[PDB]
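Let me begin by presenting the structure, written as structure tokens, before commenting on it.
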Amino acid sequence: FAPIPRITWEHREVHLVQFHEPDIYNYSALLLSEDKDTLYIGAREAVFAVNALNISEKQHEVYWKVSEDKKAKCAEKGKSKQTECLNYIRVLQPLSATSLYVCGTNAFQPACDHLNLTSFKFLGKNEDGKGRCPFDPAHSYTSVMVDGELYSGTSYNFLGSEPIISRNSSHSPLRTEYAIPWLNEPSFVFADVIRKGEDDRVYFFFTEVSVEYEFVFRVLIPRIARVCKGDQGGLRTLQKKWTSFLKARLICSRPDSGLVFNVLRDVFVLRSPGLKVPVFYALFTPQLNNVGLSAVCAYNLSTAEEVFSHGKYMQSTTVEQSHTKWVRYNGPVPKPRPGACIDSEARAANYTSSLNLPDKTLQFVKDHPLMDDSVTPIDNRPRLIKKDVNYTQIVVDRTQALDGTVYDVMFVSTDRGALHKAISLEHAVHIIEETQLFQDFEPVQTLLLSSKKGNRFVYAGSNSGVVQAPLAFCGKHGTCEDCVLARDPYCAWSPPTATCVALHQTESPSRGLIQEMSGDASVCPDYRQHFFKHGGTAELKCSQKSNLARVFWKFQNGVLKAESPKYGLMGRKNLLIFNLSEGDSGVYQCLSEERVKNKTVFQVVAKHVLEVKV
Amino acid sequence: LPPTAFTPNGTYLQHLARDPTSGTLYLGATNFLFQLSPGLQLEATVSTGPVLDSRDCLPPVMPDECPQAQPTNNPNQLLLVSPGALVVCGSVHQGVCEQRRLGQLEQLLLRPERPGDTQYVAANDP
Ligand SMILES: *[C@@H]1O[C@H](CO)[C@@H](O[C@@H]2O[C@H](CO)[C@@H](O[C@@H]3O[C@H](CO)[C@@H](O)[C@H](O)[C@@H]3O)[C@H](O)[C@H]2NC(C)=O)[C@H](O)[C@H]1NC(C)=O
Ligand SMILES: *[C@@H]1O[C@H](CO)[C@@H](O[C@@H]2O[C@H](CO)[C@@H](O[C@@H]3O[C@H](CO)[C@@H](O)[C@H](O)[C@@H]3O)[C@H](O)[C@H]2NC(C)=O)[C@H](O)[C@H]1NC(C)=O
Ligand SMILES: *[C@@H]1O[C@H](CO)[C@@H](O[C@@H]2O[C@H](CO)[C@@H](O)[C@H](O)[C@H]2NC(C)=O)[C@H](O)[C@H]1NC(C)=O
Ligand SMILES: *[C@@H]1O[C@H](CO)[C@@H](O[C@@H]2O[C@H](CO)[C@@H](O)[C@H](O)[C@H]2NC(C)=O)[C@H](O)[C@H]1NC(C)=O
Ligand SMILES: *[C@@H]1O[C@H](CO)[C@@H](O[C@@H]2O[C@H](CO)[C@@H](O)[C@H](O)[C@H]2NC(C)=O)[C@H](O)[C@H]1NC(C)=O
Ligand SMILES: *[C@@H]1O[C@H](CO)[C@@H](O)[C@H](O)[C@H]1NC(C)=O
């Protein structure tokens, strides 16, 4: 299990910019512009444009509030008039340079519209968002705009009994089948297009009730799925339906410890400036006995692609003679491959679209959407497993250290408004710091990263507002030792400026900078006076930031024992000399000790010169 | 004078439908459709099969796309009189249906040229 966050930053001790509109709640949708300087917020009954560099600067505002006759219609359907019967923005996507595509629950009448960016006024397109947007603010939902066409995963109805992964195309509308083999009680988590003869694919991530597994209760299972951008459906069968829909198990577990995380919470696509293949960073929690635990598994796209392209499918079979069981299909697979895209191979066999695929192949995919092979993580284990924390959303920044060693920086939000910064150091997790983003411990519902030159920020939304944080707080570190010991690839010590700087931001010289991810503060170069009355009591204040260090006191060059009657420890860090007399005068030193590898790192926290009067 | 029985040769009967209007009876049989008077007088006969078929294949059954197509008999799956037409669904070709003129069983009104999965009506198996 991952250790405790090395340093805890109170909302008070760091520079965090906040945004909220009075009487406006549920800041669940976040979208930043092309230029990255304008962040758009989708809340309950409102859409805003804020300066992404200072979220507190409100630029534009637009509302989409529900009428009383629509609220009462919703309430008459036994829903909560002042809770669920309101317009929760669920779809906030780029449409053009001059517009956004917006959908809201709208007292259970999913409605879509175009937000005119030049005016920040809605165009009144008033489209029926049934299938595109959920009815209930409680229902799961995911959407990705690909080539001005919305690819959405949510419920097709009011009750949330009909799930749907569909494309609102207008030219070629396509949707999933309303069948258990296709989708079995899913809870949508994330979707994105993975761009390139070879066609683009639109991946979907969700948790659904498993068909392959049987246990005491119904077992959930994380799913990775994909569809082909060029899909047009089948001609005779799969009319207006996906022909390219294949899914597989997403497995996040440490078995030598019986830890299985079968509930997917978030998915982030690490788009490597260097690496040609994207890495999905997926966030999971266990369905069973969650108390709570969180795990972060990283999946190489190539792995998943290997399953969808060459993996054996699963067959459903009748078993004695009213039951259905699912097993590996070892029978003959049709050609062209069921679920495959219109690639170079297909085009050679005179196949231009799904509309001209053989009925043999189309029937196969319709009856075999599920793959036998699981999609496994890189190094076949989670990147991080944490206890006593319920992680909510994830973002990852691939950063180059001073050394040139590349670290994948994990920003993980909690259900209590906190953000953890973690890196997988040499075969062990290091949680650099934790920051309390929300003073009200509101769970971070959404998280969004901008790693772009200048505007390097993380944006977190909750029901109470939005928070803007940098990727590091290098300046909070006082000494070179403190700067190095942090083991943050973002932070380096600058001897000329006598400040711990943010490497890859500051205008300090690279060649003349200090950073050691080993934590060996050895690479570094290197008195509060008091006058108290006789008989009186002294409180010598001492504090440090490491949650992984312990402090001890020293008087007259010896390790002082804070025991009654002469001594006491107030708050485990502040020394208390009780009965002051001639001999108590002199130097009192507060020291810290923290283990890095095998070695211990002692640091002098406080220096005190106590003088007792006569 | 009028028949007291109807015993078609070289077939088995599946369904009967009476036209409330005219009294006309229609009979759904293996590879046959019959139109009888209310007095059981045979008025019209329509062939419904055998056809090249396979439950694994979709209509229109093309030999090049369905090499396992073999001659199949066509027991009547559904036979109902509607105000406009006689509704006819077979066991063959995925349970596809058609509409025939009432009183002119021979006259086809509607039989979709190229049907899709959403038009496979009846059980494709007797
Ligand atoms: C994600 O999965 C892909 C799929 O294989 C990984 O890519 C491949 O990794 C192998 C392993 O070495 C590469 O093979 C060889 O690399 C050595 C190293 O220099 C080279 O000397 C050999 O001649 C050969 O190239 C293979 O080329 C490479 N292919 C691609 C497209 O990347 C990828 O590394 C995985 N990424 C992660 C983070 O797991
Ligand atoms: C949108 O944001 C608002 C802002 O907090 C959320 O409001 C909160 O709603 C919950 C109920 O869902 C309130 O909890 C209470 O639950 C008990 C259990 O029965 C009930 O008896 C109480 O009357 C109350 O409803 C919570 O107090 C309330 N917060 C505030 C400040 O009023 C709202 O739930 C969010 N909606 C979504 C879909 O996230
Ligand atoms: C989007 O909003 C802009 C903002 O007004 C609209 O711009 C006006 O467009 C009309 C022509 O249609 C011009 O005559 C006005 O002078 C424009 N005013 C401004 C301030 O630019 C634009 O038309 C809107 N687009 C749509 C589709 O409604
Ligand atoms: C969602 O589907 C609707 C259904 O057609 C799309 O609506 C058409 O939109 C185009 C402009 O993009 C208009 O020119 C057509 O006249 C519209 N037709 C109808 C019936 O609405 C809509 O654009 C789709 N939206 C997205 C984001 O894909
Ligand atoms: C982690 O999240 C779980 C829920 O997923 C929390 O468990 C709930 O805690 C509340 C607090 O009293 C209880 O009323 C609920 O009955 C609990 N539900 C379940 C299923 O246990 C858990 O406390 C959270 N723990 C941490 C460390 O975040
Ligand atoms: C932007 O941030 C600065 C930093 O303190 C603040 O002074 C300024 O008022 C903020 N702008 C707005 C509109 O809040």
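Quick notes on this structure:
- Mean sequence separation of contacting Cα pairs (under 8 Å, at least six apart), scaled by the length of the range A:474-526, corresponds to a relative contact order of 40 percent.
- Shielding by partners, peptide A:233-242 (average Cβ within 10 angstrom, other chains): 3
- For A:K121, the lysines whose Cα falls under 16 Å of its own Cα, not counting residues fewer than eight places away in the same chain, are A:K58, A:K65.
- Other protein chain Cβ atoms within 10 Å, averaged over every residue that makes up B:117-126: 2
- Assigned charges on the beta-carbon of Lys, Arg, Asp, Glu; the range A:527-614 dipole about Cα centre (debye): 400 debye
- Under conditions of 20 °C and 1.002 mPa s, the range A:527-614 yields 159 µm² s⁻¹ as its translational diffusion coefficient, taking Rh as the Kirkwood radius over Cα pairs in the Stokes-Einstein equation.
- Dipole of chain A, positive direction: furthest Cα of A:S543, A:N184, A:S80, with charges on the beta-carbon: A:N184
- Here the relative contact order of chain B, from alpha carbon pairs under 8 Å that lie six or more residues apart, stands at 19 percent.
- Burial ordering of A:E214, A:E594, fewest other beta-carbon atoms within 10 Å first: A:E214, A:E594
- Translational diffusion coefficient (Stokes-Einstein; Kirkwood radius from C-alpha pairs) of the range A:474-526 at 4 °C, 1.567 mPa s, in µm²/s: 122 µm²/s
- For chain A, calculated [θ]222 nm from helices alone, where every DSSP H run of n ≥ 4 adds -39500 (n - 2.57): -1500 deg cm²/dmol
- When both the range B:1-80 and the range A:437-476 are represented by their alpha-carbon centers, they are found 72 Å apart.
- Listed peptides A:450-457, A:290-297, A:381-388 by packing density, highest first (mean Cβ within 10 Å): A:290-297, A:381-388, A:450-457
- Note on A:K453: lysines with a C-alpha under 16 Å away, same-chain residues under 8 apart excluded, are A:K36.
- Packing rank of A:179-187, A:462-470, where each peptide gets the mean count of other beta carbons within 10 Å, highest leading: A:462-470, A:179-187
- For A:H15, A:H139, A:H171, order by how many other beta-carbon atoms lie within 10 Å, fewest first: A:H171, A:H15, A:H139
- The mean count of C-beta atoms from other chains within 10 Å of the C-beta of residues in A:353-360, rounded to a whole number, is 2.
- Each residue in A:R328, A:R175, A:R12 was given a count of other beta-carbon atoms within 10 angstrom of its own, and listing them fewest first yields A:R12, A:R328, A:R175.
- Kirkwood-based Rg to Rh ratio, chain A, C-alpha trace: 1.05
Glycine gets a Cβ as well: all are built from the backbone with ideal geometry, and neighbour counts include every protein chain shown. Readers should treat all values here as calculations from the given coordinates under stated rules, not as data from a laboratory.
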